[PDB]
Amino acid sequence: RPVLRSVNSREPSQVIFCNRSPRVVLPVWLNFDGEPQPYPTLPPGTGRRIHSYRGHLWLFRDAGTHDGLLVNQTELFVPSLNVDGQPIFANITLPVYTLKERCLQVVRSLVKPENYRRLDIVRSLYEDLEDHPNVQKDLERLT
């Protein structure tokens, strides 16, 4: 069974998801079996109060490309119980991508996938362009 999963606390926790990135954000909930599930997206520069539970696990991605994002400067967010009527903030931001990953993002945004192998670049980069970011491989790396 996967180690990265939400705890079934059944204890409500109100969280403000703050999109402090220029990307449309996809919140991803890791369920009780450690499987990722998509939730409604957040436009850039918007904050929204949402209803979750203590010990639940969340990660955040670019909704269109699945590029990884940070939450409170780390990969995973776990709501805690609210104290003195205060919401918990999940501040979502861009990571400092490596230059290579940022270049791959830009090339993927400009060239259709069937045309990657027509680019005048070293062949090893075709596999890198095709190896699109995905939650499954990131969970494996984090585990």
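So that there is no doubt, residue numbering starts at 1 and follows the sequence shown.
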>> Comparing average C-alpha B factors as deposited, tell me which of 64 to 72 and 85 to 93 sits higher.
In response: 85 to 93
> Is the mean CA B factor in the deposited entry higher across 101 to 109 or across 30 to 38?
Replying inline: 30 to 38
> Which third, lowest, middle or highest, does the CA B-factor of residue 46 fall in along this chain?
Replying inline: highest
> Taking the entry's C-alpha B-factors for this chain, is residue 115 in the lowest, middle or highest third?
Replying inline: middle
> What third of its chain's C-alpha B-factors does residue 78 belong to: lowest, middle or highest?
Replying inline: highest
> Taking the C-alpha B-factors as the PDB entry records them, is residue 130 in the lowest, middle or highest third of its chain?
Replying inline: lowest
